[PDB]
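Structure file target-v6.txt with compact mmCIF, C-alpha atoms:
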# COMPACT_ATOMS: atom_id res chain seq x y z
CA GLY A 1 -7.39 -12.45 18.98
CA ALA A 2 -3.64 -12.87 18.48
CA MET A 3 -3.99 -14.40 15.00
CA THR A 4 -6.14 -11.57 13.62
CA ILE A 5 -3.87 -8.85 15.07
CA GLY A 6 -0.85 -10.59 13.52
CA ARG A 7 -2.43 -10.88 10.07
CA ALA A 8 -3.34 -7.18 10.07
CA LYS A 9 0.21 -6.25 11.10
CA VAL A 10 1.84 -8.30 8.28
CA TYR A 11 -0.51 -6.83 5.64
CA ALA A 12 0.02 -3.23 6.94
CA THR A 13 3.80 -3.70 7.21
CA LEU A 14 4.16 -5.18 3.68
CA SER A 15 1.97 -2.37 2.29
CA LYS A 16 4.10 0.36 3.95
CA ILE A 17 7.31 -1.28 2.68
CA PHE A 18 6.06 -1.25 -0.93
CA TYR A 19 4.96 2.43 -0.63
CA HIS A 20 8.46 3.42 0.46
CA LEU A 21 10.08 1.35 -2.32
CA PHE A 22 7.65 2.90 -4.83
CA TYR A 23 8.95 6.41 -4.08
CA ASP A 24 12.56 5.19 -3.76
CA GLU A 25 12.58 6.01 -0.02
CA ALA A 26 14.48 4.15 2.71
CA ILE A 27 12.37 1.67 4.62
CA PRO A 28 11.96 2.88 8.22
CA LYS A 29 13.96 0.54 10.46
CA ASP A 30 10.74 -0.08 12.42
CA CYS A 31 9.20 -1.66 9.29
CA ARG A 32 12.34 -3.62 8.44
CA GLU A 33 12.73 -5.03 11.98
CA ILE A 34 9.13 -6.32 11.81
CA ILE A 35 9.87 -8.31 8.64
CA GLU A 36 13.36 -9.09 10.01
CA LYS A 37 11.62 -10.86 12.93
CA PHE A 38 11.08 -13.68 10.42
CA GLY A 39 14.82 -13.50 9.80
CA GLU A 40 17.32 -11.57 7.68
CA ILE A 41 16.06 -10.44 4.26
CA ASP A 42 16.99 -8.09 1.40
CA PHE A 43 14.78 -5.00 1.00
CA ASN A 44 16.56 -3.74 -2.13
CA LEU A 45 14.02 -3.66 -4.97
CA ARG A 46 14.38 -0.94 -7.62
CA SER A 47 11.66 1.72 -7.53
CA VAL A 48 11.27 1.26 -11.33
CA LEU A 49 10.34 -2.40 -10.73
CA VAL A 50 8.09 -1.73 -7.70
CA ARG A 51 6.10 0.98 -9.54
CA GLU A 52 4.98 -1.64 -12.09
CA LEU A 53 3.80 -4.28 -9.61
CA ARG A 54 0.17 -3.82 -10.63
CA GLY A 55 -2.43 -6.55 -11.28
CA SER A 56 -3.22 -5.34 -14.83
CA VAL A 57 0.52 -5.29 -15.64
CA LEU A 58 1.72 -8.51 -13.97
CA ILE A 59 -1.18 -10.71 -15.09
CA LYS A 60 -0.38 -11.27 -18.78
CA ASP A 61 -3.41 -13.58 -19.18
CA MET A 62 -5.70 -10.61 -18.42
CA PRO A 63 -7.81 -9.66 -21.45
CA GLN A 64 -7.25 -6.12 -22.74
CA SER A 65 -10.96 -5.36 -22.17
CA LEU A 66 -10.57 -6.18 -18.46
CA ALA A 67 -7.19 -4.44 -18.05
CA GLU A 68 -8.70 -1.22 -19.44
CA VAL A 69 -11.40 -1.14 -16.72
CA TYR A 70 -9.50 -2.98 -13.95
CA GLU A 71 -9.00 0.16 -11.82
CA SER A 72 -12.78 0.65 -11.67
CA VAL A 73 -13.23 -3.06 -10.82
CA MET A 74 -10.79 -2.66 -7.91
CA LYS A 75 -12.41 0.61 -6.72
CA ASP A 76 -15.88 -0.96 -6.80
CA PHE A 77 -14.65 -3.63 -4.34
CA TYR A 78 -12.83 -1.06 -2.16
CA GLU A 79 -15.81 1.35 -2.03
CA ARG A 80 -18.07 -1.48 -0.84
CA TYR A 81 -15.94 -1.60 2.35
CA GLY A 82 -15.23 2.14 2.63
CA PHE A 83 -11.66 2.02 1.37
CA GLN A 84 -10.10 4.52 -1.03
CA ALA A 85 -6.78 3.88 -2.73
CA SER A 86 -4.08 6.28 -1.50
CA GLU A 87 -1.82 7.83 -4.17
CA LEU A 88 -1.17 4.76 -6.38
CA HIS A 89 -3.15 2.84 -9.02
CA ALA A 90 -5.92 0.83 -7.39
CA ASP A 91 -4.43 -2.46 -8.65
CA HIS A 92 -0.96 -1.75 -7.25
CA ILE A 93 0.26 -4.44 -4.80
CA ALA A 94 0.78 -1.80 -2.03
CA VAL A 95 -2.88 -0.72 -2.27
CA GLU A 96 -4.24 -4.28 -2.40
CA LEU A 97 -2.20 -5.14 0.71
CA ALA A 98 -3.43 -1.97 2.46
CA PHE A 99 -7.02 -2.92 1.67
CA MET A 100 -6.44 -6.41 3.18
CA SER A 101 -5.00 -4.82 6.34
CA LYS A 102 -8.18 -2.73 6.65
CA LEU A 103 -10.52 -5.71 6.19
CA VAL A 104 -8.52 -7.63 8.82
CA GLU A 105 -8.51 -4.64 11.22
CA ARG A 106 -12.33 -4.62 10.98
CA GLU A 107 -12.28 -8.38 11.67
CA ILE A 108 -10.40 -7.78 14.96
CA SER A 109 -13.26 -5.70 16.39
CA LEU A 110 -16.06 -7.93 15.05
CA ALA A 111 -14.47 -11.01 16.63
CA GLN A 112 -14.35 -9.32 20.07
CA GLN A 113 -17.84 -7.83 19.70
CA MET A 114 -18.74 -11.51 19.10
CA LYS A 115 -20.68 -10.57 15.96
CA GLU A 116 -20.84 -14.03 14.37
CA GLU A 117 -22.63 -13.22 11.09
CA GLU A 118 -20.62 -10.07 10.27
CA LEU A 119 -17.38 -11.88 11.17
CA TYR A 120 -18.15 -14.63 8.65
CA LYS A 121 -19.05 -11.96 6.07
CA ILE A 122 -15.81 -10.00 6.50
CA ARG A 123 -13.71 -13.18 6.25
CA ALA A 124 -15.67 -14.20 3.17
CA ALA A 125 -14.92 -10.79 1.60
CA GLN A 126 -11.20 -11.23 2.35
CA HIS A 127 -11.14 -14.61 0.66
CA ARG A 128 -13.10 -13.31 -2.32
CA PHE A 129 -10.63 -10.42 -2.62
CA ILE A 130 -7.57 -12.74 -2.45
CA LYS A 131 -9.03 -15.19 -5.01
CA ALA A 132 -10.10 -12.48 -7.49
CA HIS A 133 -7.27 -9.96 -7.17
CA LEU A 134 -4.36 -10.36 -4.77
CA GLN A 135 -3.44 -13.98 -5.34
CA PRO A 136 -3.45 -13.63 -9.17
CA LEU A 137 -1.18 -10.57 -8.74
CA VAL A 138 1.26 -12.26 -6.37
CA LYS A 139 1.44 -15.49 -8.41
CA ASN A 140 2.80 -13.35 -11.27
CA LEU A 141 5.56 -11.65 -9.27
CA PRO A 142 9.18 -12.01 -10.38
CA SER A 143 11.52 -13.86 -7.97
CA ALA A 144 13.09 -11.79 -5.17
CA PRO A 145 13.34 -12.29 -1.37
CA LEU A 146 10.64 -9.72 -0.50
CA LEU A 147 8.32 -10.82 -3.33
CA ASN A 148 8.67 -14.52 -2.45
CA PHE A 149 7.80 -13.68 1.18
CA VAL A 150 4.61 -11.98 -0.04
CA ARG A 151 3.79 -15.05 -2.20
CA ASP A 152 4.27 -17.38 0.77
CA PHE A 153 2.21 -15.17 3.09
CA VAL A 154 -0.75 -14.68 0.72
CA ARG A 155 -0.82 -18.41 -0.20
CA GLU A 156 -0.90 -19.42 3.49
CA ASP A 157 -3.43 -16.69 4.40
CA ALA A 158 -5.94 -17.83 1.76
CA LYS A 159 -5.67 -21.39 3.10
CA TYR A 160 -6.26 -20.03 6.62
CA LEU A 161 -9.37 -18.11 5.47
CA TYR A 162 -10.70 -21.05 3.40
CA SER A 163 -10.38 -23.35 6.46
CA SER A 164 -12.06 -20.76 8.73
CA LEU A 165 -14.94 -20.48 6.25
Please express what this file holds, its structure, as C-alpha cells.
Amino acid sequence: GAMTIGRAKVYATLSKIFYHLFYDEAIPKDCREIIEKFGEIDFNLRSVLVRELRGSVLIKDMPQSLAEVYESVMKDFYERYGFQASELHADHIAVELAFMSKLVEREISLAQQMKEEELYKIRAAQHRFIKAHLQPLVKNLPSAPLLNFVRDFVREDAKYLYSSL
C-alpha cells in the first residue's frame, strides 16, 4: 500500500537526482519539489564528486581483489532480478538506488496480488542488497545535505525491512 509506493518513489527520485548531477544537468523542478516536500535542501553537488560515488571507490576497506571484480558482483545481483545498469558503473550510487526502486516497485504488485511467499522473498532480497552493497556505500559518503538525506533514508529503510522480515 501507501508505504511501499512511498519507498519506491524516494528511491526513484534520489536515483534520478544523482543521474542529473552526474552529467552536470539541472535537476528537474519536479524532482526537487519531491525532495523539497521534506523541507528546503541544497542540491548543489559537483559533477566531479558525484561521478565518483561508487561502492568500490568510497569503501576504502574493500580489498583490491574484490574492487577489481565488484562490477560483476553487482551485475550478478541485478541480473537475478532482471535489472541492467543504465549508462553508469554498476556500483554507482544512482544505479544501486534505481535497482532498489525496481525491487520495491515489484513489491507493490506482489503485496496487492497477496502473494505471501514471493513478497517475503522480494523484501529479503532488498535487505540482502542493502546490507551487502548500498548501506556500505552510503556509510562512506562525505557530508553534504543530499548525501546525509540518503544516509538517513537507507538506514531507516533497512530497519523497516528487518522489522518486516
Using only C-alpha atoms, the shortest atom-to-atom distance to residue 94 of chain A among A:134, A:44, A:142, A:123 belongs to A:134
Contacts between segment 50-60 of chain A and segment 72-129 of chain A, please, where a residue of segment 72-129 of chain A counts if it comes within 8 Å (with only C-alpha atoms); show its shortest atom pair and distance in Å to one decimal, rows by chain and ascending number, as a tab-separated table.
residue	atom	partner	partner_atom	distance
A:89	CA	A:54	CA	7.6
A:91	CA	A:54	CA	5.2
A:92	CA	A:54	CA	4.1
A:93	CA	A:54	CA	5.9
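Interatomic distance, atom CA of residue 32 of chain A against atom CA of residue 48 of chain A: 20.4 Å.
Each of A:75, A:155, A:106, A:20 was checked against residue 90 of chain A using only C-alpha atoms; the smallest atom-to-atom distance is that of A:75.
Of the listed residues (A:111, A:103, A:66, A:34), A:34 comes nearest to residue 10 of chain A; the distances count all atoms listed in the file.
Between atom CA of residue 74 of chain A and atom CA of residue 150 of chain A lies a distance of 19.6 Å.
Residues of protein, DNA or RNA having at least one counted atom within 12 Å of (9.3, -1.5, 10.4), given all atoms listed in the file, are residues 9, 10, 12, 13, 14, 15, 16, 17, 18, 20, 26, 27, 28, 29, 30, 31, 32, 33, 34, 35, 36, 37 and 43 of chain A.
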Counting all atoms listed in the file, the residue among A:40, A:63, A:7, A:126 that lies closest to residue 78 of chain A is A:126
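The interatomic distance for the pair atom CA of residue 107 of chain A and atom CA of residue 129 of chain A works out to 14.5 Å.
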Residues within 9 Å of residue 162 of chain A, all atoms listed in the file, excluding chain neighbours under 5 positions, as a PDB file with C-alpha atoms, in the frame of the given file:
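And here's selection.pdb as it stands now:
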ATOM      1  CA  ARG A 123     -13.710 -13.180   6.250  1.00  0.00           C
ATOM      2  CA  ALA A 124     -15.670 -14.200   3.170  1.00  0.00           C
ATOM      3  CA  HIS A 127     -11.140 -14.610   0.660  1.00  0.00           C
ATOM      4  CA  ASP A 157      -3.430 -16.690   4.400  1.00  0.00           C
TER       5      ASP A 157
END
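Closest approach to residue 128 of chain A among A:146, A:165, A:102, A:41 is made by A:165 (distances from all atoms listed in the file).
The shortest atom-to-atom distance to residue 108 of chain A, with only C-alpha atoms taken into account, belongs to A:122 out of A:147, A:21, A:81, A:122.
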